[PDB]
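Colleague: Quick one: this structure, given as structure tokens, is what I'll be asking you about.
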Amino acid sequence: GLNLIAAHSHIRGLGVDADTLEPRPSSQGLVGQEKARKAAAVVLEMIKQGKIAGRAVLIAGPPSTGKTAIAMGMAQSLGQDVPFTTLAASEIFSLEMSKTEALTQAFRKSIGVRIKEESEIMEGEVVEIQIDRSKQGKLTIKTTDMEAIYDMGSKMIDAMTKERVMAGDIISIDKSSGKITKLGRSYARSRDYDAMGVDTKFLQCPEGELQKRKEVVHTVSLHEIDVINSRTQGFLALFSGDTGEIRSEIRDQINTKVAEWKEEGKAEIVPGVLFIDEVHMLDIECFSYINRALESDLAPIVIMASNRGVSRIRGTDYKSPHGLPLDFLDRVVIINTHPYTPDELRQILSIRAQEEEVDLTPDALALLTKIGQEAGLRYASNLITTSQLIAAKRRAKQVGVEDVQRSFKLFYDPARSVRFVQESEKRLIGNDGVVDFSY
Amino acid sequence: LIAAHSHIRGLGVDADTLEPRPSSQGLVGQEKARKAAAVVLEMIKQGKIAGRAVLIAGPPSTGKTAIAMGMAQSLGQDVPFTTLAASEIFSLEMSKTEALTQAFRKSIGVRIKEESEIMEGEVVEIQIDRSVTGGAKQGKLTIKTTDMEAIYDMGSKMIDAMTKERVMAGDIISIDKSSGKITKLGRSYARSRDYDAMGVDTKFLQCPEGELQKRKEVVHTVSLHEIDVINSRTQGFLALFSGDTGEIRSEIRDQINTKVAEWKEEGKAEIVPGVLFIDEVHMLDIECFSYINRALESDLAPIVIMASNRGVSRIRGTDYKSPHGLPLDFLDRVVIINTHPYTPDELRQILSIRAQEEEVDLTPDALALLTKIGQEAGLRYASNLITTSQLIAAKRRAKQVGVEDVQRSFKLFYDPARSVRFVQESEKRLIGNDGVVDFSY
Amino acid sequence: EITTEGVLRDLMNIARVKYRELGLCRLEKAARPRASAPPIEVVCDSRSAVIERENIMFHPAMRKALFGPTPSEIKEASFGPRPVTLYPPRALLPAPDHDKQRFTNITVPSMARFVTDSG
Amino acid sequence: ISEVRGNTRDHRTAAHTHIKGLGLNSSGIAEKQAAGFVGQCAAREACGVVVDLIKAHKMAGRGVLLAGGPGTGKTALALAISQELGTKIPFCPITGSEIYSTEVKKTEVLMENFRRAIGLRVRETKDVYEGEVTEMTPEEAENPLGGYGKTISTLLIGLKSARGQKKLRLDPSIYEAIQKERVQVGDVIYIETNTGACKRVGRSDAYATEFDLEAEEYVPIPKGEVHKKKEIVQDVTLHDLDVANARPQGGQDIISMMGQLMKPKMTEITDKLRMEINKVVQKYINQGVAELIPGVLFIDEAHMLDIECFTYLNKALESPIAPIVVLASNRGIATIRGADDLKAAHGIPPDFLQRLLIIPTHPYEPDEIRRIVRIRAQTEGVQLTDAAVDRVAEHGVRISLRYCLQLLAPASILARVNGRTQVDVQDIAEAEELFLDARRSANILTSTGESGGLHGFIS
Amino acid sequence: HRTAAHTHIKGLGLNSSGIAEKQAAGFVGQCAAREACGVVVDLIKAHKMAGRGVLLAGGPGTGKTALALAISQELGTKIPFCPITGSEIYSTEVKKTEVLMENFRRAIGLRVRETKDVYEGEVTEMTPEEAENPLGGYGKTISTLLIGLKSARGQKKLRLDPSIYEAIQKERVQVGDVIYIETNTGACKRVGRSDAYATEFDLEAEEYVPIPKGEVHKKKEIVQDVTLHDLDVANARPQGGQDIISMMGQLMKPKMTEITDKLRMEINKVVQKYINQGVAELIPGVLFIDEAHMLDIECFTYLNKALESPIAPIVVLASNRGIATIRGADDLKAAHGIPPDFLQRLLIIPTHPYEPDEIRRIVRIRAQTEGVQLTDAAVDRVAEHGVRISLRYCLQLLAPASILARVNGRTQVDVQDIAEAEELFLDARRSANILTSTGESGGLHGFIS
Ligand SMILES: Nc1ncnc2c1ncn2[C@@H]1O[C@H](COP(=O)(O)OP(=O)(O)O)[C@@H](O)[C@H]1O
Ligand SMILES: Nc1ncnc2c1ncn2[C@@H]1O[C@H](COP(=O)(O)OP(=O)(O)O)[C@@H](O)[C@H]1O
Ligand SMILES: Nc1ncnc2c1ncn2[C@@H]1O[C@H](COP(=O)(O)OP(=O)(O)O)[C@@H](O)[C@H]1O
Ligand SMILES: Nc1ncnc2c1ncn2[C@@H]1O[C@H](COP(=O)(O)OP(=O)(O)O)[C@@H](O)[C@H]1O
């Protein structure tokens with residue numbers, strides 16, 4: 001379907017013995033990184049309990065050391081019970097709104113409000129309508145399994161008229177609203193017409209009883225309730241964006257009402273995770289906002305990842321570790337990931353080869369593991385799919401050594417590419433724009 | 001509430017000789033600056049001179065705002081006195097130039113004279129006809145004095161106003177026929193008892209007397225900016241208050257300048273030039289100054305009063321430093337008034353005036369110590385300790401602020417100089433200009 | 001809206017009360033556009049283009065919303081045995097901010113000018 | 001309809017949840033450990049006078065600076081001020097970062113928050129009749145008009161609430177509202193005496209079974225008296241009055257209605273409006289029907305403000321109707337954000353710094369850190385051995401207060417997954433090794449990032 | 001009545017031979033520059049050339065702005081004089097090159113004769129007729145209005161188009177009103193109630209007006225002055241029709257837009273047809289860009305295109321700067337603060353600093369213009385400050401000294417009143433010395449640097 005094979009598709013959870021949080025060496029797709037996975041498992045326990053507000057956790061380490069893999073594993077093993085907002089730091093730099101506004105939204109996306117609801121709804125195919133224009137009338141309506149005649153009040157006849165309901169329409173009535181919806185026409189009426197209007201849709205007739213009643217659980221983020229209240233039909237902005245800088249007295253009133261819904265047991269609050277990937281792209285003005293935002297009773301737990309050494313903080317000109325202000329790091333606990341040993345690389349390459357459904361020969365996996373050690377995990381991972389496509393051109397059933405070797409000579413790793421750049425200094429455009437096109 | 005300049009209630013000068021009194025109207029000292037400001041008040045009040053830029057210069061405190069606020073208090077209500085923080089000119093709704101043009105034109109008043117007719121009488125009858133399911137309305141009002149009674153036709157706008165106001169028989173009402181405003185003033189007799197929900201009981205009044213109609217001259221003062229906004233639009237005059245004006249086109253302002261001159265010669269309007277006070281003007285940039293150079297040259301320019309704390313300082317948007325932070329071809333157009341730091345006998349008087357304005361009863365020893373603190377730490381800091389000492393004295397239920405309360409205030413709250421020492425003494429635990437800090441003990 | 005002394009009601013109405021008190025609704029216009037034009041049109045020698053000009057540039061449903069119900073609709077709504085709703089419930093064009101100039105740039109001479117424009 | 005959750009309704013905990021007040025005697029002297037505070041006794045006593053300044057309502061636009069290193073309790077003191085004042089007093093906290101709107105100039109954003117921090121309390125009487133309509137009944141007039149088919153002198157309405165029944169003898173003009181609102185018998189309505197009209201809330205759910213289908217919601221009968229006359233207290237900020245005037249909400253026309261359907265951008269409101277609001281507000285205060293409630297604007301990371309913000313605050317603070325402004329800063333000697341060649345103490349311009357009452361917050365002694373650890377533990381509900389309290393306090397001294405406090409929740413989890421309800425040294429020693437501090441992480445960057453070609457940090 | 005910096009300038013003060021009189025029309029001196037500005041005036045009145053540039057180059061206070069104002073007075077009120085500073089080009093609504101084009105087109109005038117074809121009368125009867133639209137969904141519509149208009153001379157009944165009835169609905173017309181209907185636009189104006197209904201007994205202040213004289217149907221001839229910019233803007237954001245776009249255009253917030261060269265070339269063809277029809281004449285004028293050093297390299301590059309336009313105005317630039325960095329081109333320095341490239345296009349009129357006797361003569365002109373009487377000792381004392389400090393400074397003293405004199409009851413300013421004005425009101429350089437002398441001190445009483 002739409003879910004093609006991506007780089008993290010093999011990560012199916014955090015891979016820890018849940019009663020004790022001890023990481024199993026290789027499970028649920030995660031290999032190695034046990035110290036970081038145990039720290040991530042303790043963070044999940046804080047998240048799942050929900051009692052702790054606004055801890056910040058930084059996952060730090062070199063490129064290709066599982067910082068994204070571990071955060072994806074937490075998303076997979078936290079499950080859809082809890083909000084998990086994933087934000088690239090580049091997304092905060094909106095034209096529609098302030099940086100701090102964009103962060104206020106991402107924080108509130110990560111707090112759920114959960115409500116449990118009984119809705120009573122009638123859905124059926126219209127058989128006929130009768131009206132006594134002496135106002136009153138009768139609706140006859142069917143499922144596949146049941147049929148009934150209902151007495152209509154005058155306003156129902158007005159609404160049925162304005163919404164142009166006719167026989168063979170599937171309609172629903174929400175009993176709580178008292179509002180109709182034409183869902184479509186039954187497939188049985190497909191023969192009524194030689195030409196159809198653009199807006200018409202055919203449906204199967206409703207099935208079972210007419211007046212269904214259902215227990216439904218609804219989970220809605222605080223950000224959704226902001227956008228709904230921002231303007232008269234604000235629920236449209238949930239999709240188009242287009243919120244503007246929602247005025248704070250709206251958010252304060254929403255926070256107060258949600259606190260009443262909890263106090264009255266009408267709702268429960270479900271605190272979740274904001275994951276800010278590559279957080280070093282935020283600037284000094286962002287971090288100063290996040291300092292205060294973490295210090296709030298409705299703050300999510302925030303997780304973030306960085307691969308920067310000592311590096312310049314954006315929006316200023318001094319350097320700091322991870323690229324982050326020390327004032328901010330004073331609020332953060334840090335999880336460090338590490339490079340992989342050859343036996344961990346061998347496993348990750350096997351997990352990836354299974355997910356990409358590639359049959360590596362044992363010698364191909366051996367060579368590919370050496371490449372991953374010499375040239376990096378992502379490069380060797382990219383050669384798996386490449387070697388499969390080259391083997392298919394041989395009509396070969398398994399990826400052989402020669403298919404990995406040909407993949408290796410055709411596609412340069414970063415180090416070999418940097419060498420090629422250095423040996424081509426005068427033919428490539430330098431940082432001063434000079435180049436020579438001559439032979 | 002009491003604020004920083006609430007004691008300033010004038011400029012404190014003899015209206016005849018313009019001689020500054022050493023203390024008067026809440027102002028102390030600064031006599032040369034106060035005399036120069038008194039001369040500028042005459043230029044404003046006479047109005048004949050357009051676009052003289054005056055800069056009040058001096059170190060922080062020394063009353064540059066206090067003198068400008070004294071002038072505002074001396075001009076009174078009719079004259080415009082626009083105050084800008086120079087930082088207000090930077091805008092996303094409009095260019096800096098447009099923001100300056102609006103502030104200049106806010107500082108010119110146009111005093112329109114209108115003649116209006118008001119009705120006033122007892123309502124004897126009211127009749128309203130309403131269409132079913134439609135907007136059509138008509139009606140008649142029978143209204144009375146001790147000397148007249150007449151029946152007036154009503155339009156839809158009157159009928160809306162009459163019902164919004166709940167006009168009922170026996171009410172005394174007045175109607176401005178020009179604006180269409182209706183107001184009730186009372187009743188000729190009790191509210192009738194048969195109906196429920198008839199609302200709160202009014203004032204009593206005897207019936208009005210004489211003729212129902214009378215003519216009344218009414219005077220309105222509006223800015224040239226308010227006229228700009230009204231005339232750049234068919235609709236949306238809410239922009240007068242919301243900002244939201246956009247960048248008004250210059251051919252509109254050309255027309256308004258012509259028509260206002262025509263209104264003046266026609267005797268419809270009196271033009272009333274006021275002042276633009278720009279506060280801490282060194283926040284303007286080189287493009288602003290280049291605009292102001294020539295904005296001053298209109299015969300509709302206000303007098304522009306300016307303040308700066310700056311020494312030789314960098315001009316904004318510019319590589320280079322200049323006196324007051326202002327460029328030289330701008331300063332060529334500007335006369336400068338200089339304010340000076342205070343004598344201890346002046347500080348004692350200012351602190352006494354602040355204490356009186358804040359209703360605080362200082363002991364003479366507390367005033368002496370506050371004066372000494374004023375010399376060493378500054379006038380603003382010593383004025384903050386007055387309010388602080390009052391609170392501390394009240395918590396110990398003392399009748400008066402003693403030296404005890406001033407000393408405790410001085411202990412609790414650091415002055416700027418002592419705060420700078422505290423910062424120097426803790427450079428490792430405070431965050432540096434290069435972001436390093438140590439959190440460990 | 002509902003309290004018997006309208007303190008918070010009046011506080012929320014200051015801007016428009018002030019505007020009318022200044023007489024800016026009644027003061028003569030000191031400027032107008034020096035030129036005025038209708039919209040540009042496509043010229044295409046097809047009947048469909050002419051139909052489309054009427055459908056968009058003189059759009060019936062928008063015009064009907066702005067100017068409201070017709071006189072027979074007011075009769076048919078008022079004399080019926082049961083109530084009936086109207087496509088717009090009212091004319092949705094706003095009231096003009098200027099009481100005398102309204103939605104046009106036409107101006108009319110007056111006796112004030114006539115007395116004063118001869119010395 | 002909605003299924004109520006019955007089991008539990010306990011609080012979350014955040015960085016300052018233990019702070020309950022300033023912890024001061026009736027003499028205003030600080031108690032050495034009270035209301036969740038440890039130490040800062042001088043800064044708490046100064047903030048105590050600030051609370052009394054605010055609560056006295058005498059003064060406008062005084063400035064306060066909380067100055068001190070990171071972690072020295074400055075935001076704890078601000079939150080304590082807000083709690084000493086209580087929710088009747090407005091408290092508007094922002095960071096200096098929050099001022100850089102994309103919709104309006106940053107001085108408008110600052111002035112909005114400035115007037116959010118000023119409250120107004122208005123007392124009025126509300127006076128309405130309410131109920132389901134039990135009956136509607138005309139009275140013919142004794143002098144009917146010529147040429148008219150009927151003349152009605154009164155229109156009786158029966159109103160029923162949950163607490164009574166009343167016959168309202170109304171003025172006949174209410175026919176207009178009844179027709180336009182389409183009031184039936186059994187509809188819930190109110191009649192307001194300041195207009196004499198009525199409005200329809202809905203149909204009473206006593207009639208929810210009239211039909212198998214009708215297209216309306218049903219509403220409960222009013223559970224008040226049938227006649228509700230009472231005083232009502234309305235709290236609005238002066239910013240609420242700005243927006244209510246600059247963006248009127250109730251407009252019936254197409255342009256108003258398109259307006260409220262589009263993105264409601266804020267606008268650079270004029271000083272002319274705010275001044276006219278101030279002058280009418282002051283009329284009602286002098287009449288005594290409203291009372292002003294000056295609150296606190298708290299600007300966290302005030303060193304994020306630039307020199308244009310500070311030069312505007314000069315003007316703002318001089319206005320007669322202004323909050324108390326509290327600033328907090330930790331930036332030592334630093335460059336002013338908008339003036340790249342001016343360095344000053346606190347990062348505050350010296351021109352502006354002269355206005356402020358300055359309160360310094362100092363570092364903590366080891367025994368104060370240990371006391372805070374125990375207060376924080378009993379607030380997060382963690383139970384510790386005394387050896388674990390000491391080991392945590394050792395990290396508080398050697399590394400940072402914040403770091404040691406943050407280990408308590410990880411250690412609590414690590415304890416219970418060994419079946420222990422009480423956290424002990426073994427758990428602290430694992431939390432501190434799973435969860436690094438800033439400095440130990442920076443040592444790894446220095447050691448492993450010694451080169452960058454592969455397996456090294458990006459630098 | 002109100003007196004500004006240039007109120008004494010009345011013209012260039014030239015002989016019919018084009019030679020400057022040494023003191024005339026408010027000027028003293030600048031004779032070579034006044035003669036060059038005279039030739040510029042005659043270049044403009046000839047209305048034959050497009051897109052010539054002039055630079056007024058010279059130090060601050062040397063009368064460059066006086067000269068540009070004198071050109072505007074020599075040209076008189078028929079010719080467009082469009083004055084701007086370079087700081088005005090930096091719009092937030094539209095690109096900087098748009099406001100250059102708007103100001104170029106404000107500088108080009110047109111005088112045009114217009115026929116208003118019009119109906120007038122008292123409304124005697126008014127009757128709508130209706131369309132029974134079956135399936136539009138908006139319900140019915142009105143198909144025409146029949147309206148009876150009566151004047152003093154005659155009467156008509158008009159069957160109006162729906163869009164003209166919508167104009168009457170917007171104007172709130174009723175029977176017995178007097179109305180005006182411009183058939184050019186289809187606009188309707190309500191003139192008032194008919195005087196036949198003149199009565200006190202209406203609560204609203206109605207305009208009671210007499211029945212229109214003459215025929216109900218008229219044609220009026222009007223001569224209009226417009227610029228090309230007025231035509232551009234009218235056709236960019238249309239508001240003249242009774243169509244829905246024009247209608248809603250009157251309700252939306254006014255907004256400048258980056259008007260295309262397609263619209264401008266189309267309006268050239270429109271104007272060319274008014275000229276060929278003989279109803280219009282072109283009046284090309286001038287754009288004065290004061291402070292032209294505040295432009296930038298993109299503006300100057302755009303003028304290289306704009307001045308090639310075959311109906312560009314004459315452009316007069318003032319600059320006051322020596323060798324200076326071009327804005328937006330921070331590596332490039334040139335004379336006048338103008339790019340060398342664009343400077344080749346200009347004729348440069350240099351202006352020169354005044355002699356002591358010229359300054360003394362300006363002081364007398366300016367004193368007479370502000371209406372203040374000085375002793376000759378006073379005039380000499382002020383003239384000394386003009387020599388030693390600045391002309392602008394010494395002229396700023398006249399108004400303070402007059403007040404200070406009047407405050408002592410003397411009607412004539414003498415040296416004591418200037419001696420007080422000198423001490424109350426400092427110049428830039430005495431103030432810069434106070435700054436420099438105090439700035440050795442730090443602490444509380446220092447100036448902030
Ligand atoms: N411990 C692991 N187990 C399984 N796959 C991993 C592991 N670490 C990294 N990968 C995979 O290798 C690639 C790079 O790791 P990733 O976490 O995305 O890099 P980074 O550490 O830079 O975020 C991804 O495809 C990821 O799924
Ligand atoms: N000469 C004076 N007389 C009375 N009050 C003064 C005087 N000078 C300063 N003040 C008061 O002291 C404070 C500081 O002066 P201010 O006018 O703010 O200085 P600045 O020139 O920096 O604006 C203000 O509250 C002002 O009212
Ligand atoms: N005196 C104190 N008593 C109790 N807890 C404190 C005290 N000072 C600081 N804390 C706590 O330690 C942390 C650091 O204080 P904080 O106010 O955030 O410092 P700052 O605002 O100066 O950065 C916060 O979690 C705060 O609740
Ligand atoms: N030749 C002159 N005769 C009379 N007044 C002059 C003359 N030159 C300049 N002035 C006046 O002196 C002042 C400075 O001249 P201005 O044109 O502003 O200089 P700039 O070249 O800087 O524009 C103005 O008030 C102007 O009216």
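All residue names refer to the structure tokens as shown: chains lettered A, B, ... in order, residues numbered from 1 in each chain, ligands numbered from 1 in order.
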With the cut-off set at 10 Å and counting only C-alpha atoms, tabulate each residue of chain A with an atom at most that distance from an atom of chain C, showing the nearest atom pair and its distance in Å to one decimal, ordered by chain and increasing number, as a tab-separated table.
Modeller:
residue	atom	partner	partner_atom	distance
A:134	CA	C:81	CA	9.8
A:135	CA	C:82	CA	8.6
A:158	CA	C:84	CA	9.5
Colleague: Could you report the residues within 10 Å of ligand 1, using only C-alpha atoms and all ligand atoms, as number ranges by chain?
Modeller: A: 6-12, 14-15, 25-34, 36-37, 59-73, 277-278, 305-307, 337-340, 344-345, 347-352, 376-382
Colleague: Using only C-alpha atoms, which protein or nucleic acid residues come within 12 Å of stretch 345-347 of chain E? Drop anything in the same chain fewer than 6 positions from it, and give the result as a compact mmCIF listing (two decimals) with N, CA and C atoms, in the first residue's frame.
Modeller:
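In the end it all went to part00.txt:
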# COMPACT_ATOMS: atom_id res chain seq x y z
N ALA E 33 23.30 78.78 -10.14
CA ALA E 33 22.35 77.69 -9.93
C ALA E 33 20.92 78.10 -10.26
N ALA E 36 20.71 78.03 -14.05
CA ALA E 36 20.54 76.64 -14.47
C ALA E 36 19.14 76.11 -14.17
N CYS E 37 18.61 76.40 -12.98
CA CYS E 37 17.23 76.04 -12.66
C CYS E 37 16.21 76.77 -13.54
N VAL E 39 16.76 77.33 -16.83
CA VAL E 39 16.79 76.51 -18.03
C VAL E 39 16.07 75.18 -17.82
N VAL E 40 16.14 74.63 -16.61
CA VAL E 40 15.33 73.45 -16.26
C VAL E 40 13.84 73.76 -16.33
N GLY E 51 12.30 62.18 -19.56
CA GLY E 51 13.33 61.43 -18.85
C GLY E 51 14.70 62.07 -18.78
N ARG E 52 14.78 63.39 -18.78
CA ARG E 52 16.02 64.09 -18.44
C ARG E 52 16.19 64.17 -16.93
N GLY E 53 17.42 63.99 -16.46
CA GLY E 53 17.73 64.08 -15.05
C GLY E 53 18.55 65.31 -14.70
N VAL E 54 18.29 65.86 -13.51
CA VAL E 54 19.06 66.98 -12.96
C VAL E 54 19.50 66.63 -11.55
N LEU E 55 20.78 66.87 -11.23
CA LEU E 55 21.27 66.77 -9.86
C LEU E 55 21.56 68.17 -9.32
N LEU E 56 20.86 68.54 -8.25
CA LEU E 56 21.28 69.61 -7.34
C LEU E 56 22.30 69.06 -6.36
N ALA E 57 23.58 69.37 -6.57
CA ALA E 57 24.66 68.88 -5.73
C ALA E 57 25.26 70.01 -4.90
N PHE E 300 18.51 53.08 -8.21
CA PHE E 300 19.24 53.70 -9.31
C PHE E 300 19.28 52.82 -10.55
N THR E 301 19.45 51.51 -10.38
CA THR E 301 19.35 50.60 -11.52
C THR E 301 17.97 50.66 -12.16
N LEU E 303 15.87 53.30 -12.18
CA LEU E 303 15.80 54.55 -12.94
C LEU E 303 16.46 54.46 -14.32
N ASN E 304 17.51 53.65 -14.48
CA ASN E 304 18.06 53.44 -15.81
C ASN E 304 17.06 52.84 -16.80
N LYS E 305 16.15 51.98 -16.33
CA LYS E 305 15.04 51.58 -17.19
C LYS E 305 13.97 52.67 -17.28
N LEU E 307 13.79 55.92 -16.85
CA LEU E 307 14.07 57.15 -17.58
C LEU E 307 14.14 56.97 -19.09
N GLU E 308 14.29 55.73 -19.57
CA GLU E 308 14.18 55.47 -21.00
C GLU E 308 12.73 55.53 -21.49
N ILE E 314 10.50 64.81 -16.08
CA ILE E 314 11.82 65.30 -15.72
C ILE E 314 12.07 65.02 -14.24
N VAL E 315 13.25 64.48 -13.92
CA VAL E 315 13.59 64.08 -12.56
C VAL E 315 14.68 64.99 -12.01
N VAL E 316 14.39 65.67 -10.90
CA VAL E 316 15.38 66.49 -10.20
C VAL E 316 15.79 65.79 -8.91
N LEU E 317 17.09 65.54 -8.77
CA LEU E 317 17.68 64.93 -7.58
C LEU E 317 18.44 65.99 -6.79
N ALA E 318 18.29 65.98 -5.47
CA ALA E 318 19.18 66.70 -4.58
C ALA E 318 20.05 65.73 -3.78
N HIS E 336 28.69 62.33 -4.57
CA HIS E 336 27.27 62.63 -4.36
C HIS E 336 26.51 61.49 -3.70
N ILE E 338 25.97 58.81 -5.37
CA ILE E 338 25.21 58.38 -6.55
C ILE E 338 26.12 57.45 -7.34
N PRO E 339 25.63 56.36 -7.91
CA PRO E 339 26.50 55.47 -8.69
C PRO E 339 27.11 56.18 -9.88
Colleague: If the cut-off is 7 Å, can you tell me the residues of chain B near chain E, counting only C-alpha atoms? I'd like them as a ChimeraX atom specification.
Modeller: /B:16-17,32,36,39,48-51,58-60,94-95,97,151-154,177-178,180,233-236,246,287,290-291,297-299,309-313,323,329,331-333,335-337,341,378
Colleague: Would you kindly report the residues of chain D within 7 Å of chain A, using only C-alpha atoms, as a VMD selection string?
Modeller: chain D and resid 1 to 6 9 12 to 15 70 95 97 to 98 100 to 102 211 to 217 260 to 261 263 265 301 402 to 403 410 413 417 434 to 438 442 445 449 455 to 459
